[PDB]
Amino acid sequence: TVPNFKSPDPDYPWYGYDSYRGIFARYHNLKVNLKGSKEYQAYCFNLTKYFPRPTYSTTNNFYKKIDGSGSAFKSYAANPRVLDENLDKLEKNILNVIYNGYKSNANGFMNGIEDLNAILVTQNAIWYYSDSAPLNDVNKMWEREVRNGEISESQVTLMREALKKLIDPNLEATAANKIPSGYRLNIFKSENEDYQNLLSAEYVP
Ligand SMILES: [Zn+2]
Ligand SMILES: [Zn+2]
Ligand SMILES: [Zn+2]
């Protein structure tokens, strides 16, 4: 089942929402849809802004859909990781992260990682680029969860290795399966600028 919400502003007609219903605050599972249409997977593009509310909340988040590009990725990010002012490289970097992360998993980096953990890994790789999140201690990430029996040692080992592959600057060059001709993602610009702009996990027509 998908929600069907109509925006008060037709310029921002997409509903964005957190579909995670569980008890662990570490997890989110963001989606967008359009007046009851099939839904699409999304990610937070702004680490320092609020995540979309849970589906069916009394407060609803609406969005305008924009084609992804290096320009858009720069403009809608708070602190993007750009080398030598090269927005084409920023575009390539983000596209290759998404293509290799949840759900496309084009080179198997995600294999065996439970969906919510795979989203969490991919989300961290996106923030490495959108917010210049440092990620200098990947071998210790989620150790608190391991110690407390919340994520298995086995899942966390997979997650750490996947994250390292996703943030390698040579990902595009070394991955065997390359992004397809015409590959495109979308930015969702929040109608309420206290909430995150979103990045799709596939093309959203
Ligand atoms: Zn939350
Ligand atoms: Zn490398
Ligand atoms: Zn604005």
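The values are calculated or read from the model by the stated rules, or taken from the named source; these are not laboratory values. Cβ: placed from backbone, ideal geometry, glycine included. Neighbour counts: every protein chain shown.
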- Note on the structure: All conditions in (1) part of a helix (DSSP H, G or I); (2) buried (at least 16 other Cβ atoms within 10 Å of the Cβ) are true of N139 except (2)
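Which members of the stretch 142-172 meet the condition of being among the aliphatic types (A, V, I, L, M), part of a loop (DSSP other than H, G, I, E, B) and either within 16 Å of ligand 2 (Cβ to nearest atom) or not assigned by CATH to the domain that holds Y129 (or both)?
Within the stretch 142-172, the first condition is being among the aliphatic types (A, V, I, L, M), and the residues that meet it are 146, 151, 156, 158-159, 162-163, 166-167, 171.
The next check asks that each one be part of a loop (DSSP other than H, G, I, E, B); those that pass are 151, 167.
Hit for the stretch 142-172 is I167, nothing else.
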- Subset of the stretch 102-121 [under 16 Å from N186 (Cα atoms) and crowded, with 20+ Cβ neighbours inside 10 Å]: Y102
- Message: Being over 27 Å from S190 (Cα atoms) and either within 16 Å of ligand 1 (Cβ to nearest atom) or over 17 Å from the mean Cα position of the chain (by Cα) (or both): is that true of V82 here?
- Response: no
- Query: Can you pull out the residues in the stretch 70-83 that are crowded, with 17+ Cβ neighbours inside 10 Å and either outside any loop (DSSP other than H, G, I, E, B) or small (G, A, S) (or both)?
  - Reply: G70, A72, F73, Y76, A77
- Query: From the list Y43, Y15, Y63, which residue is within 16 Å of ligand 1 (Cβ to nearest atom) and touching a strand residue (DSSP E or B) at 6+ places or on another chain (Cβ under 8 Å)?
  - Reply: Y43
- Item | So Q155, is it under 14 Å from the mean Cα position of the chain (by Cα) and of a type outside the set (G, A, S) | no
- Task: Please go through the stretch 22-39 and pick out each residue that is of a type outside the set (A, V, I, L, M, F, W, C) and either within 14 Å of the chain's Cα centre (by Cα) or within 12 Å of ligand 1 (Cβ to nearest atom) (or both).
- Result: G22, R26, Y27, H28, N29, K31
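Residue check: is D131 surrounded by fewer than 16 Cβ atoms within 10 Å (Cβ to Cβ), under 22 Å from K31 (Cα atoms) and either within 16 Å of ligand 2 (Cβ to nearest atom) or not assigned by CATH to the domain that holds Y40 (or both)? Spell out the reasoning first.
On the way: surrounded by fewer than 16 Cβ atoms within 10 Å (Cβ to Cβ): no; under 22 Å from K31 (Cα atoms): yes; either within 16 Å of ligand 2 (Cβ to nearest atom) or not assigned by CATH to the domain that holds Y40 (or both): yes.
For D131, the condition - surrounded by fewer than 16 Cβ atoms within 10 Å (Cβ to Cβ), under 22 Å from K31 (Cα atoms) and either within 16 Å of ligand 2 (Cβ to nearest atom) or not assigned by CATH to the domain that holds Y40 (or both) - is not met.
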